[PDB]
$ cat query-v8.txt   # compact mmCIF, N, CA and C atoms and all ligand atoms
# COMPACT_ATOMS: atom_id res chain seq x y z
N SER A 1 1.75 -23.08 1.21
CA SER A 1 1.13 -23.70 2.39
C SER A 1 0.10 -22.77 3.02
N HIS A 2 0.05 -21.47 2.64
CA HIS A 2 -1.02 -20.60 3.04
C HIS A 2 -1.59 -19.86 1.85
N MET A 3 -2.83 -19.45 1.99
CA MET A 3 -3.49 -18.70 0.94
C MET A 3 -2.66 -17.42 0.61
N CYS A 4 -2.08 -16.77 1.61
CA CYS A 4 -1.35 -15.53 1.34
C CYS A 4 -0.04 -15.72 0.58
N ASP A 5 0.33 -16.97 0.28
CA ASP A 5 1.43 -17.28 -0.64
C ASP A 5 1.31 -16.61 -2.00
N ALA A 6 0.06 -16.39 -2.48
CA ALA A 6 -0.13 -15.76 -3.75
C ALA A 6 0.38 -14.33 -3.83
N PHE A 7 0.54 -13.73 -2.69
CA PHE A 7 1.08 -12.36 -2.66
C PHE A 7 2.62 -12.32 -2.58
N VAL A 8 3.25 -13.42 -2.22
CA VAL A 8 4.69 -13.35 -1.95
C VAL A 8 5.43 -13.16 -3.26
N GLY A 9 6.43 -12.31 -3.17
CA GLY A 9 7.29 -12.12 -4.32
C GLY A 9 7.65 -10.66 -4.48
N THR A 10 8.17 -10.37 -5.65
CA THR A 10 8.67 -9.06 -5.97
C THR A 10 7.77 -8.53 -7.10
N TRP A 11 7.23 -7.34 -6.92
CA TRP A 11 6.22 -6.78 -7.77
C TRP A 11 6.64 -5.38 -8.24
N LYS A 12 6.29 -5.03 -9.46
CA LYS A 12 6.67 -3.73 -10.01
C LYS A 12 5.42 -2.99 -10.49
N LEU A 13 5.39 -1.69 -10.27
CA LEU A 13 4.22 -0.92 -10.69
C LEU A 13 4.13 -0.88 -12.20
N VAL A 14 2.94 -1.16 -12.74
CA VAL A 14 2.77 -1.02 -14.17
C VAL A 14 1.75 0.01 -14.61
N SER A 15 0.81 0.35 -13.74
CA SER A 15 -0.06 1.45 -14.02
C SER A 15 -0.68 2.07 -12.79
N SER A 16 -1.16 3.31 -12.95
CA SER A 16 -1.70 4.08 -11.86
C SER A 16 -2.87 4.92 -12.37
N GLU A 17 -3.95 5.02 -11.57
CA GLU A 17 -5.04 5.92 -11.87
C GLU A 17 -5.44 6.65 -10.60
N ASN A 18 -5.56 7.96 -10.67
CA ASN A 18 -6.09 8.79 -9.61
C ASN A 18 -5.21 8.92 -8.39
N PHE A 19 -3.88 8.60 -8.51
CA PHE A 19 -3.04 8.72 -7.35
C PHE A 19 -2.90 10.17 -6.88
N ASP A 20 -2.70 11.12 -7.82
CA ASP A 20 -2.57 12.50 -7.38
C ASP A 20 -3.79 12.93 -6.57
N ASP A 21 -4.99 12.62 -7.08
CA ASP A 21 -6.25 12.96 -6.39
C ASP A 21 -6.40 12.27 -5.06
N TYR A 22 -5.97 11.02 -4.95
CA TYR A 22 -5.93 10.40 -3.64
C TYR A 22 -5.00 11.11 -2.69
N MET A 23 -3.78 11.43 -3.15
CA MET A 23 -2.89 12.13 -2.25
C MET A 23 -3.39 13.53 -1.85
N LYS A 24 -4.04 14.23 -2.77
CA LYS A 24 -4.68 15.47 -2.35
C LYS A 24 -5.67 15.23 -1.21
N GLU A 25 -6.48 14.17 -1.30
CA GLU A 25 -7.49 13.90 -0.29
C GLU A 25 -6.83 13.57 1.07
N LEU A 26 -5.62 12.98 1.04
CA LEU A 26 -4.79 12.71 2.21
C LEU A 26 -4.19 13.96 2.84
N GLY A 27 -4.14 15.01 2.05
CA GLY A 27 -3.49 16.21 2.49
C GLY A 27 -1.99 16.29 2.17
N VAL A 28 -1.48 15.53 1.22
CA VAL A 28 -0.07 15.59 0.84
C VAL A 28 0.16 16.90 0.06
N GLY A 29 1.22 17.61 0.40
CA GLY A 29 1.51 18.85 -0.29
C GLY A 29 2.13 18.68 -1.66
N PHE A 30 2.17 19.83 -2.37
CA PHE A 30 2.43 19.85 -3.78
C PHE A 30 3.73 19.09 -4.11
N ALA A 31 4.84 19.48 -3.49
CA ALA A 31 6.13 18.92 -3.92
C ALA A 31 6.18 17.43 -3.66
N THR A 32 5.64 17.00 -2.52
CA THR A 32 5.66 15.56 -2.26
C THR A 32 4.78 14.82 -3.27
N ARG A 33 3.61 15.38 -3.60
CA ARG A 33 2.76 14.73 -4.58
C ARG A 33 3.48 14.55 -5.89
N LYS A 34 4.19 15.60 -6.33
CA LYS A 34 4.87 15.51 -7.63
C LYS A 34 5.92 14.42 -7.62
N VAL A 35 6.72 14.41 -6.57
CA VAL A 35 7.82 13.44 -6.53
C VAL A 35 7.26 12.01 -6.36
N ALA A 36 6.37 11.88 -5.41
CA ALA A 36 5.75 10.58 -5.12
C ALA A 36 5.02 10.05 -6.33
N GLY A 37 4.29 10.94 -7.04
CA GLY A 37 3.54 10.55 -8.21
C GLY A 37 4.43 10.10 -9.37
N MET A 38 5.69 10.61 -9.47
CA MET A 38 6.61 10.16 -10.46
C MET A 38 7.23 8.81 -10.12
N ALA A 39 7.13 8.38 -8.86
CA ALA A 39 7.83 7.16 -8.48
C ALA A 39 7.30 5.93 -9.23
N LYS A 40 8.08 4.89 -9.34
CA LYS A 40 7.67 3.62 -9.93
C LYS A 40 8.08 2.53 -8.95
N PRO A 41 7.38 2.40 -7.82
CA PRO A 41 7.84 1.53 -6.77
C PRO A 41 7.79 0.05 -7.17
N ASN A 42 8.64 -0.68 -6.47
CA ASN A 42 8.48 -2.09 -6.34
C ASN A 42 7.94 -2.41 -4.97
N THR A 43 7.23 -3.52 -4.89
CA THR A 43 6.72 -4.00 -3.63
C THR A 43 7.26 -5.44 -3.46
N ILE A 44 7.86 -5.75 -2.30
CA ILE A 44 8.39 -7.04 -2.01
C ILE A 44 7.64 -7.58 -0.80
N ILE A 45 6.97 -8.72 -1.00
CA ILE A 45 6.14 -9.30 0.05
C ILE A 45 6.69 -10.66 0.42
N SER A 46 6.87 -10.88 1.73
CA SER A 46 7.32 -12.12 2.23
C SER A 46 6.55 -12.52 3.47
N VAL A 47 6.57 -13.83 3.75
CA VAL A 47 5.91 -14.36 4.90
C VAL A 47 6.87 -15.27 5.64
N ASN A 48 6.95 -15.12 6.94
CA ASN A 48 7.81 -15.96 7.76
C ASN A 48 6.98 -16.27 9.00
N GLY A 49 6.45 -17.49 9.04
CA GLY A 49 5.53 -17.83 10.11
C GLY A 49 4.26 -16.97 10.02
N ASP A 50 3.92 -16.31 11.12
CA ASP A 50 2.76 -15.45 11.19
C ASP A 50 3.07 -14.03 10.77
N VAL A 51 4.36 -13.74 10.51
CA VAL A 51 4.80 -12.37 10.24
C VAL A 51 4.82 -12.12 8.73
N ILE A 52 4.06 -11.12 8.28
CA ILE A 52 4.10 -10.68 6.90
C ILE A 52 4.93 -9.42 6.83
N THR A 53 5.84 -9.37 5.82
CA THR A 53 6.60 -8.15 5.61
C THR A 53 6.28 -7.62 4.21
N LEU A 54 6.05 -6.30 4.16
CA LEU A 54 5.78 -5.62 2.93
C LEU A 54 6.71 -4.45 2.84
N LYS A 55 7.65 -4.60 1.88
CA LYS A 55 8.56 -3.50 1.57
C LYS A 55 8.17 -2.80 0.30
N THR A 56 8.41 -1.50 0.28
CA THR A 56 8.11 -0.67 -0.89
C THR A 56 9.39 0.07 -1.16
N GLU A 57 9.91 -0.03 -2.38
CA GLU A 57 11.20 0.55 -2.71
C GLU A 57 11.00 1.44 -3.92
N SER A 58 11.59 2.65 -3.87
CA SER A 58 11.45 3.55 -4.97
C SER A 58 12.52 4.63 -4.86
N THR A 59 12.58 5.48 -5.89
CA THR A 59 13.48 6.60 -5.84
C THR A 59 12.98 7.68 -4.92
N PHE A 60 11.66 7.69 -4.54
CA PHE A 60 11.10 8.66 -3.64
C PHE A 60 11.39 8.32 -2.16
N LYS A 61 10.85 7.17 -1.75
CA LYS A 61 10.97 6.70 -0.37
C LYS A 61 10.96 5.17 -0.38
N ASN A 62 11.66 4.55 0.56
CA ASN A 62 11.60 3.15 0.80
C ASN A 62 10.90 3.00 2.16
N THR A 63 9.94 2.07 2.22
CA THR A 63 9.19 1.77 3.40
C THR A 63 9.30 0.26 3.62
N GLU A 64 9.12 -0.14 4.90
CA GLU A 64 9.03 -1.54 5.26
C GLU A 64 8.12 -1.65 6.46
N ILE A 65 7.10 -2.50 6.32
CA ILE A 65 6.21 -2.81 7.46
C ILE A 65 6.27 -4.33 7.67
N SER A 66 6.23 -4.75 8.94
CA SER A 66 6.13 -6.12 9.34
C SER A 66 4.95 -6.19 10.32
N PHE A 67 4.16 -7.21 10.17
CA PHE A 67 2.93 -7.25 10.94
C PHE A 67 2.35 -8.66 11.01
N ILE A 68 1.44 -8.86 11.97
CA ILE A 68 0.64 -10.08 12.17
C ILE A 68 -0.80 -9.65 11.86
N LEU A 69 -1.44 -10.51 11.07
CA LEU A 69 -2.85 -10.22 10.72
C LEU A 69 -3.72 -9.99 11.94
N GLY A 70 -4.49 -8.90 11.93
CA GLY A 70 -5.44 -8.56 12.99
C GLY A 70 -4.82 -7.85 14.16
N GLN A 71 -3.47 -7.60 14.16
CA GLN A 71 -2.81 -7.01 15.32
C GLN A 71 -2.33 -5.61 14.95
N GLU A 72 -2.83 -4.60 15.64
CA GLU A 72 -2.56 -3.21 15.35
C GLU A 72 -1.06 -2.89 15.51
N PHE A 73 -0.57 -1.97 14.68
CA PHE A 73 0.81 -1.53 14.77
C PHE A 73 0.85 -0.07 14.42
N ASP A 74 1.98 0.57 14.81
CA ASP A 74 2.16 1.97 14.48
C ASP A 74 3.00 1.97 13.18
N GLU A 75 2.68 2.84 12.23
CA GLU A 75 3.31 2.92 10.92
C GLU A 75 3.56 4.41 10.63
N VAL A 76 4.71 4.67 10.03
CA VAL A 76 5.02 6.01 9.50
C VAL A 76 5.02 5.83 7.98
N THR A 77 4.07 6.49 7.33
CA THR A 77 3.84 6.25 5.95
C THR A 77 4.83 7.00 5.08
N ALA A 78 4.89 6.72 3.79
CA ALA A 78 5.91 7.37 2.95
C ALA A 78 5.77 8.87 2.91
N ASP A 79 4.57 9.38 3.07
CA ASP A 79 4.26 10.81 3.18
C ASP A 79 4.28 11.37 4.60
N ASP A 80 4.82 10.57 5.53
CA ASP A 80 5.15 10.98 6.90
C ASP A 80 3.90 11.18 7.77
N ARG A 81 2.84 10.47 7.46
CA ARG A 81 1.77 10.37 8.43
C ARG A 81 2.12 9.32 9.48
N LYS A 82 1.79 9.62 10.71
CA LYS A 82 1.94 8.70 11.84
C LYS A 82 0.59 8.07 12.09
N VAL A 83 0.45 6.82 11.69
CA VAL A 83 -0.86 6.20 11.69
C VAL A 83 -0.87 4.94 12.55
N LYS A 84 -2.06 4.57 12.95
CA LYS A 84 -2.31 3.28 13.58
C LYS A 84 -2.97 2.37 12.57
N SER A 85 -2.34 1.25 12.31
CA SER A 85 -2.70 0.42 11.17
C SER A 85 -3.10 -0.96 11.66
N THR A 86 -4.06 -1.60 10.96
CA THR A 86 -4.34 -2.99 11.16
C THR A 86 -4.55 -3.61 9.78
N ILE A 87 -3.98 -4.79 9.55
CA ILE A 87 -4.12 -5.48 8.27
C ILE A 87 -4.72 -6.85 8.54
N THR A 88 -5.75 -7.16 7.77
CA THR A 88 -6.46 -8.42 7.88
C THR A 88 -6.57 -9.01 6.48
N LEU A 89 -6.89 -10.31 6.45
CA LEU A 89 -7.09 -11.02 5.20
C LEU A 89 -8.54 -11.43 5.16
N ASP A 90 -9.31 -10.81 4.25
CA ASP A 90 -10.76 -10.92 4.16
C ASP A 90 -11.19 -11.43 2.77
N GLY A 91 -11.61 -12.68 2.72
CA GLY A 91 -11.93 -13.27 1.44
C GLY A 91 -10.84 -13.18 0.38
N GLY A 92 -9.63 -13.46 0.84
CA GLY A 92 -8.52 -13.38 -0.12
C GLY A 92 -7.90 -12.00 -0.41
N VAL A 93 -8.43 -10.94 0.17
CA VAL A 93 -7.99 -9.57 -0.01
C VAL A 93 -7.28 -9.13 1.24
N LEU A 94 -6.05 -8.58 1.04
CA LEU A 94 -5.37 -7.96 2.19
C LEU A 94 -5.93 -6.57 2.38
N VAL A 95 -6.47 -6.31 3.57
CA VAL A 95 -7.18 -5.06 3.89
C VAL A 95 -6.38 -4.31 4.96
N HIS A 96 -5.82 -3.16 4.57
CA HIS A 96 -4.93 -2.39 5.40
C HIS A 96 -5.62 -1.07 5.73
N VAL A 97 -5.95 -0.88 7.01
CA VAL A 97 -6.59 0.33 7.43
C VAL A 97 -5.67 1.17 8.23
N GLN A 98 -5.61 2.45 7.91
CA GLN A 98 -4.77 3.39 8.57
C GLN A 98 -5.63 4.48 9.19
N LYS A 99 -5.38 4.73 10.48
CA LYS A 99 -6.15 5.74 11.22
C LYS A 99 -5.19 6.78 11.79
N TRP A 100 -5.57 8.07 11.64
CA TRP A 100 -4.78 9.15 12.21
C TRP A 100 -5.65 10.40 12.24
N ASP A 101 -5.55 11.19 13.34
CA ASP A 101 -6.21 12.50 13.45
C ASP A 101 -7.67 12.44 13.09
N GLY A 102 -8.31 11.36 13.48
CA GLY A 102 -9.70 11.17 13.23
C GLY A 102 -10.09 10.85 11.79
N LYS A 103 -9.10 10.61 10.95
CA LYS A 103 -9.29 10.24 9.54
C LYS A 103 -8.99 8.74 9.36
N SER A 104 -9.34 8.22 8.19
CA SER A 104 -9.06 6.84 7.88
C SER A 104 -8.84 6.68 6.38
N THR A 105 -7.91 5.83 6.01
CA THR A 105 -7.79 5.40 4.61
C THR A 105 -7.60 3.89 4.57
N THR A 106 -8.10 3.25 3.54
CA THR A 106 -8.05 1.83 3.40
C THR A 106 -7.35 1.47 2.10
N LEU A 107 -6.42 0.52 2.22
CA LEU A 107 -5.63 0.02 1.10
C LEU A 107 -5.98 -1.46 1.00
N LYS A 108 -6.47 -1.85 -0.15
CA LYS A 108 -6.84 -3.27 -0.38
C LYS A 108 -5.89 -3.81 -1.48
N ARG A 109 -5.37 -4.99 -1.25
CA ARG A 109 -4.54 -5.64 -2.22
C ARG A 109 -5.09 -7.00 -2.56
N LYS A 110 -5.21 -7.27 -3.85
CA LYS A 110 -5.72 -8.56 -4.25
C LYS A 110 -5.01 -9.06 -5.50
N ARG A 111 -5.03 -10.38 -5.67
CA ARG A 111 -4.50 -10.95 -6.91
C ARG A 111 -5.62 -11.01 -7.93
N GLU A 112 -5.33 -10.54 -9.14
CA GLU A 112 -6.26 -10.55 -10.24
C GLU A 112 -5.44 -10.97 -11.48
N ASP A 113 -5.68 -12.18 -11.99
CA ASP A 113 -4.86 -12.71 -13.07
C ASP A 113 -3.43 -12.70 -12.56
N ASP A 114 -2.49 -12.27 -13.40
CA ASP A 114 -1.10 -12.27 -12.98
C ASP A 114 -0.70 -10.99 -12.26
N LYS A 115 -1.67 -10.13 -11.96
CA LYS A 115 -1.40 -8.86 -11.34
C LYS A 115 -1.65 -8.91 -9.85
N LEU A 116 -1.08 -7.95 -9.14
CA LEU A 116 -1.43 -7.60 -7.80
C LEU A 116 -2.02 -6.19 -7.87
N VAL A 117 -3.29 -6.04 -7.51
CA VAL A 117 -3.97 -4.77 -7.65
C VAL A 117 -4.13 -4.16 -6.26
N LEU A 118 -3.64 -2.92 -6.11
CA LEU A 118 -3.76 -2.15 -4.88
C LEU A 118 -4.77 -1.02 -5.14
N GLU A 119 -5.84 -1.03 -4.29
CA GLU A 119 -6.77 0.04 -4.35
C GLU A 119 -6.66 0.84 -3.07
N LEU A 120 -6.57 2.15 -3.18
CA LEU A 120 -6.48 3.02 -2.01
C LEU A 120 -7.68 3.97 -2.03
N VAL A 121 -8.36 4.09 -0.89
CA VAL A 121 -9.60 4.87 -0.85
C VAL A 121 -9.44 5.87 0.29
N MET A 122 -9.70 7.15 0.05
CA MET A 122 -9.77 8.19 1.10
C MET A 122 -11.00 9.00 0.76
N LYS A 123 -11.96 9.00 1.70
CA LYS A 123 -13.28 9.52 1.42
C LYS A 123 -13.88 8.92 0.11
N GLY A 124 -14.20 9.80 -0.82
CA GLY A 124 -14.85 9.31 -2.02
C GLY A 124 -13.88 9.05 -3.14
N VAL A 125 -12.55 9.16 -2.87
CA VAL A 125 -11.56 9.06 -3.94
C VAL A 125 -10.86 7.72 -3.90
N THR A 126 -10.91 7.01 -5.02
CA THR A 126 -10.28 5.72 -5.18
C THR A 126 -9.14 5.84 -6.17
N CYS A 127 -7.96 5.33 -5.75
CA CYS A 127 -6.82 5.18 -6.61
C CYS A 127 -6.57 3.70 -6.86
N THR A 128 -6.29 3.32 -8.11
CA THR A 128 -5.96 1.96 -8.44
C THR A 128 -4.50 1.94 -8.94
N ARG A 129 -3.72 1.01 -8.38
CA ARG A 129 -2.31 0.80 -8.70
C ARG A 129 -2.12 -0.66 -9.09
N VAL A 130 -1.70 -0.91 -10.31
CA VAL A 130 -1.57 -2.30 -10.76
C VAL A 130 -0.09 -2.65 -10.79
N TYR A 131 0.22 -3.79 -10.16
CA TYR A 131 1.60 -4.29 -10.10
C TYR A 131 1.69 -5.62 -10.84
N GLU A 132 2.84 -5.93 -11.42
CA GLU A 132 3.09 -7.20 -12.08
C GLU A 132 4.37 -7.79 -11.50
N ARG A 133 4.57 -9.09 -11.63
CA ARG A 133 5.80 -9.68 -11.13
C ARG A 133 7.00 -9.10 -11.80
N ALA A 134 8.03 -8.82 -10.98
CA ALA A 134 9.31 -8.34 -11.49
C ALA A 134 10.08 -9.44 -12.25
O1 LIG B 1 2.44 1.94 -0.58
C1 LIG B 1 1.93 2.46 -1.61
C2 LIG B 1 2.15 1.91 -2.91
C3 LIG B 1 1.52 2.56 -3.99
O2 LIG B 1 1.69 2.06 -5.21
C4 LIG B 1 0.76 3.73 -3.80
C5 LIG B 1 0.62 4.26 -2.56
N1 LIG B 1 1.25 3.66 -1.49
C6 LIG B 1 1.15 4.30 -0.17
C7 LIG B 1 1.40 5.75 -0.30
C8 LIG B 1 0.48 6.73 0.10
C9 LIG B 1 0.72 8.04 -0.05
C10 LIG B 1 1.93 8.50 -0.51
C11 LIG B 1 2.96 7.60 -0.93
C12 LIG B 1 2.67 6.24 -0.76
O3 LIG B 1 3.55 5.20 -1.04
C13 LIG B 1 4.54 5.37 -2.05
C14 LIG B 1 5.80 4.94 -1.64
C15 LIG B 1 6.78 5.02 -2.57
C16 LIG B 1 6.54 5.51 -3.80
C17 LIG B 1 5.27 5.91 -4.19
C18 LIG B 1 4.23 5.81 -3.27

$ encode --input "query-v8.txt" --output "structure tokens" --more "lines below"
Ligand SMILES: O=c1cc(O)ccn1Cc1ccccc1Oc1ccccc1
Amino acid sequence: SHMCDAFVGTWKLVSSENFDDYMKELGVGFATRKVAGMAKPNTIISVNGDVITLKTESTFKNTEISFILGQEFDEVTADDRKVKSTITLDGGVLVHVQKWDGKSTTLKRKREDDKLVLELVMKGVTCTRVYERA
């Protein structure tokens, strides 16, 4: 009944490119990068009314965010950044912006074929994370 229905479900990571380099650009330290980089998260997306929930489950860290499109919220990220986040739906792409300490990173999620593709950008570094249905 909504366009964002295409994102709902349970998703598993199938490939990753440039995640270590993205985390370096974020300022994540060595041990966290190693552990986080080994993770194989699942992402569970649900919608209930105007509220979207995105859970991330892994052996490293489990996260859960609930939010309304366009409405800012405070988020503690898996690497323990305290950020101010806003998520919008722009031409079919979920656009998640995180701001902290005068920095910004953007996470875009889109459906491409049977995949859910997450792109994360910090400065000039782009990481691509491809998820498939569980
Ligand atoms: O939510 C996601 C999901 C990813 O696949 C890749 C990155 N992030 C956000 C993220 C940024 C930096 C460090 C970790 C992190 O999220 C996780 C969470 C659990 C496991 C791996 C990455």

$ closest_atom_pairs --input "query-v8.txt" --of "chain A" --to "ligand LIG 1 (chain B)" --cutoff "6.5 Å" --atoms "only N, CA and C atoms and all ligand atoms" --output "CSV"
residue,atom,partner,partner_atom,distance
A:23,CA,B:LIG1,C9,5.9
A:36,C,B:LIG1,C17,4.7
A:37,N,B:LIG1,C17,5.9
A:39,CA,B:LIG1,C16,5.1
A:40,N,B:LIG1,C16,5.8
A:41,CA,B:LIG1,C16,5.1
A:56,C,B:LIG1,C15,5.8
A:57,C,B:LIG1,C15,5.7
A:58,CA,B:LIG1,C16,5.4
A:59,N,B:LIG1,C16,6.4
A:60,CA,B:LIG1,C16,5.5
A:61,N,B:LIG1,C15,4.7
A:62,N,B:LIG1,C15,5.8
A:63,N,B:LIG1,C14,6.3
A:77,C,B:LIG1,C12,6.3
A:78,CA,B:LIG1,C11,4.9
A:79,N,B:LIG1,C10,4.5
A:129,CA,B:LIG1,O2,5.5

$ closest_atom_pairs --input "query-v8.txt" --of "stretch 88-111 of chain A" --to "stretch 4-20 of chain A" --cutoff "9 Å" --atoms "only C-alpha atoms" --output "CSV"
residue,atom,partner,partner_atom,distance
A:89,CA,A:4,CA,8.3
A:92,CA,A:4,CA,7.6
A:94,CA,A:4,CA,8.6
A:109,CA,A:7,CA,8.8
A:110,CA,A:7,CA,8.0
A:111,CA,A:7,CA,7.2

$ closest_residue --input "query-v8.txt" --among "A:45, A:130, A:69, A:38" --to "residue A:116" --atoms "all atoms listed in the file"
A:130

$ closest_residue --input "query-v8.txt" --among "A:108, A:55, A:34, A:115" --to "residue A:95" --atoms "only N, CA and C atoms"
A:108

$ closest_residue --input "query-v8.txt" --among "A:93, A:134, A:122, A:52" --to "residue A:26" --atoms "only N, CA and C atoms"
A:122

$ atom_distance --input "query-v8.txt" --atom1 "atom C of residue A:24" --atom2 "atom C of residue A:117"
20.1 Å

$ atom_distance --input "query-v8.txt" --atom1 "atom CA of residue A:51" --atom2 "atom CA of residue A:65"
10.1 Å

$ select_by_dssp --input "query-v8.txt" --residues "chain A" --states "strand (DSSP E)" --output "number ranges by chain"
A: 9-17, 42-48, 51-57, 63-68, 73-76, 82-90, 93-100, 103-112, 115-122, 125-133

$ atom_distance --input "query-v8.txt" --atom1 "atom C of residue A:2" --atom2 "atom C of residue A:72"
21.8 Å

$ closest_residue --input "query-v8.txt" --among "A:22, A:76, A:47, A:86" --to "residue A:126" --atoms "only C-alpha atoms"
A:22

$ residues_around --input "query-v8.txt" --residues "residue A:99" --least-positions-apart "2" --cutoff "5 Å" --atoms "all atoms listed in the file" --output "list in words"
residues 83, 84, 85, 97, 101, 103 and 104 of chain A

$ closest_residue --input "query-v8.txt" --among "A:107, A:112, A:35, A:3" --to "residue A:127" --atoms "only C-alpha atoms"
A:107

$ closest_residue --input "query-v8.txt" --among "A:25, A:1, A:50, A:106" --to "residue A:125" --atoms "only C-alpha atoms"
A:25
